[PDB]
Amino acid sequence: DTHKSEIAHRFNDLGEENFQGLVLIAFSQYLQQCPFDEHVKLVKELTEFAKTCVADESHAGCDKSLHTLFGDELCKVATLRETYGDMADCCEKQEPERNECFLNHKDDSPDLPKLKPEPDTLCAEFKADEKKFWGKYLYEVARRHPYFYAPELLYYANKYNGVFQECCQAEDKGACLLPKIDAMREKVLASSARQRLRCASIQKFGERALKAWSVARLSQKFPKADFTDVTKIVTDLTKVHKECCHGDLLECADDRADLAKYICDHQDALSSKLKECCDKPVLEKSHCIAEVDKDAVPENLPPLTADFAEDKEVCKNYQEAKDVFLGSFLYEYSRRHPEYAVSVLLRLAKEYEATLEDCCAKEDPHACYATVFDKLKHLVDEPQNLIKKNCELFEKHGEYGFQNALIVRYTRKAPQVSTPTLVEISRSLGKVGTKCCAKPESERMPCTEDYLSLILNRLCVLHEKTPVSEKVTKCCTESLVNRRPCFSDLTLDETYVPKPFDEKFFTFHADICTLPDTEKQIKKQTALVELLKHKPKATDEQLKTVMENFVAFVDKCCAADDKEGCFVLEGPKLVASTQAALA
């Protein structure tokens, strides 16, 4: 009854500003092609109704579920069908089915214009109206990333306000702002991929997959906490992530604030690093908790072999509650090994399971399971080796060269994937060298497997919507935890039928000359993928010969008196020499 006024309750708990920011984010993520001006109106209508409900909770409609009021507002958008086609059909449904329907139409690759920073323009807008400026920011990010973790987005608006406040008083605005925006953009993209993975886990592997992942991660972060404190927190946190992934953004933010306050209330049982966070206002406090460094491993923890290999009762304990016993193995192993990746720790738990399945049926189980850590070694040696060979390859060739070697690998592994996605994924995979090869020894495996999971999840999300490789389907869907090693093991897809040589990718207009460097590399990388789709067994020398010819040709025509003339009239030679080189 009273708290049937969910909207008043959210408005009271979050305050007007956050309430509006979250409602704006929600409309932007479901209706990614509506203009800001439209969404601002819908936000203001809901905020007014919220204020009415707050003054009187018995006003008509104040008892509806917030997520029902929100859906209803979606359904009352006049251009809903015009713009979102089928999406309109979702309106014929009852909740929760309606929402699930809408969520199905979130577009992970909306291919919205690139937002290129005009420092003076940004600053004029920021000076004119700070609130509108931040609103437009939330809307641009949220419509491009319809799974962006909403409370963090509110945070990135707040944190970066100082940016604009400082920068926009400077005479040289561009020199001040541009580095900061690049940094902002980097934070955003990583935050987006991370949340997109959490929402994919929950949807494709279920809530329990995200819980296991979080047990391992939180046991590393707060290794002094009790198992049951970690599971309480992971459960609350996974609820918050679920609510955010399902578009329940105000309940999401409200739950996260309670979680943040719970963690600060119990900081002494969790981690001494939390002291930093616990006197901050709520968005910042939450952000700081999500980013806290791993606490030190306490002293005097028994060796893992005591409960899990040496003990005579392993089988009985396992048999009485497998899930608890294995959750507990995962907690005990994670808290002791901050230098292992979460996904490696989950692999270790899975193999430990398979071992006791095998061992607990035998005549003498103890003799078999006592040596289990020897059997697990390989799951630690394989990632370290992956890092060692790829980092050496990265440092031998640098980022661009490492990207190209990954283009060659991935195009062979999944040559049916569209060329822009293979390029996009391969360039990100190459950047995992830039982000992780130089890290401390104990951060390298966590850094590498985490970024790999984010980027492979991105390939899985794109592929799930237009499946074209059965091997990608298998590695995306068979096991979240083994995704990375499943992709790692793929070899040249032997069922693939090469395409004819696609010349357009080796033919250009004069405006290639003025492309930003990044775009120029993407041009060469596109060409490289297309070489491999045509001749997947091309040799390193043939690939090198073709690309060198390519760059030499582009240089030559960009030097010409008549650039378009040289590209058009000489262009057939590059095409011919490229084909000659692949013989």
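From 1 onward, residues are counted along the sequence shown.
Between the stretches 365 to 373 and 133 to 141, it is 365 to 373 that shows the larger average CA temperature factor. Remark: stretch with higher mean C-alpha B factor among 354 to 362 and 399 to 407 is 354 to 362. You'll see in the entry that, of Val344, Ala225, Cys167, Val234, the Cα B factor peaks at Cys167. The entry lists C-alpha B-factors for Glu251, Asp107, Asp502, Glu118, and the highest of these is at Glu118. Compared with the other modelled residues of the chain, the Cα B-factor recorded for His59 ranks in the middle third. Annotation for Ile263: CA B-factor lies in the lowest third of the chain's modelled residues. The PDB entry assigns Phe49 a C-alpha temperature factor belonging to the middle third of its chain's modelled residues. Compared with the other modelled residues of the chain, the Cα B-factor recorded for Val575 ranks in the middle third.
Looking at the C-alpha B-factors along this chain, the one for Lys41 belongs to the middle third.
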